[PDB]
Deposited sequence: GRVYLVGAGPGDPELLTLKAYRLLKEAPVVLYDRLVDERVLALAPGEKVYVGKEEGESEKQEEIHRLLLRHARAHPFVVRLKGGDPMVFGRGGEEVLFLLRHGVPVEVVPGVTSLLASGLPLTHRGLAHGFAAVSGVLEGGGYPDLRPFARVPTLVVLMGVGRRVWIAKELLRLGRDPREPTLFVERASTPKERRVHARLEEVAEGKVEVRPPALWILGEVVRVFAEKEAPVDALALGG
């Protein structure tokens, strides 16, 4: 039958879309991948299957039912090989409907665009399909830059951005497990990351740019938004 490629959001089940929620409650089968929060899965009463060899495993269930749900973290169309799964499915006649989600890029609550600091932003992956390194040159000077899958390679990424002209004193922020109870924010200047001084564990969202300090009190290092 039909495959609904659904964004699970960054983690907090409340950030599921109304559409995603209804499809999860109603789906006979939910093919999820690693990126999916336990709280969101617990909302699905149907068959939960942890899911190329991912593609064919998708095809089999799509055929077994009237429709199935293929659940991916954040929004399915960015940084998740969603495009690949869509192609494969369409090429095998399987209809596909995409249900956008709250991308993790937006899970920090910070204004990625802000008057006088950034009029746009860019997002890039530290790991490519195949395991390679990203070409950071087209991204090096965007005022606000967000990096996904950049924790393991943070030193190399930081050094490369410094080489490409980013400000070594630029404030940056790592948000580990954003949206969840284990969310831990790590503040560091770009140079401190390049110097291998920052401890961070994946998965983590990495935001670089002055917007990072937008809600910091003037009179002290206090995050006015959090408090």
Fill in the blank from the handout: No C-alpha coords for deposited residues 52-61, 238-239
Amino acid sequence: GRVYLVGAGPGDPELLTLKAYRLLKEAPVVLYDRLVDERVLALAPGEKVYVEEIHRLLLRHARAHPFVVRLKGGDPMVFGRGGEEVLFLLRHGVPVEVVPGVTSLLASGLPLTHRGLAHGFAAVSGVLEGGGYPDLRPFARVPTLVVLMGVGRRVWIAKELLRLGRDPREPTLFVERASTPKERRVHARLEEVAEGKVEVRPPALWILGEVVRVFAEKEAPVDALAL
From here on, numbers count along this sequence of modelled residues.
Problem - Between 81-89 and 134-142 (mean CA B-factor, as deposited), the higher - result: 81-89
Fill in the blank from the handout: Per the PDB entry, mean CA B-factor is higher for 62-70 or 173-181, namely for 62-70
Problem - Among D37, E199, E160, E195 - the residue whose C-alpha B-factor is largest in the record - result: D37
Fill in the blank from the handout: Assert third(CA B-factor, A220) within chain per record equals highest
Problem - Chain thirds of CA B-factor: placement of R213 - result: highest
Fill in the blank from the handout: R166: CA temperature factor from the record, placed by chain third, in the middle
Practice task
Sorting the chain's modelled residues by C-alpha B-factor, tell me whether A8 ends up in the lowest, middle or highest third.
Solution key: lowest
Exercise for the section: Comparing against every modelled residue in the chain, figure out the third that the C-alpha B-factor of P95 lands in (lowest, middle or highest). Expected result: highest
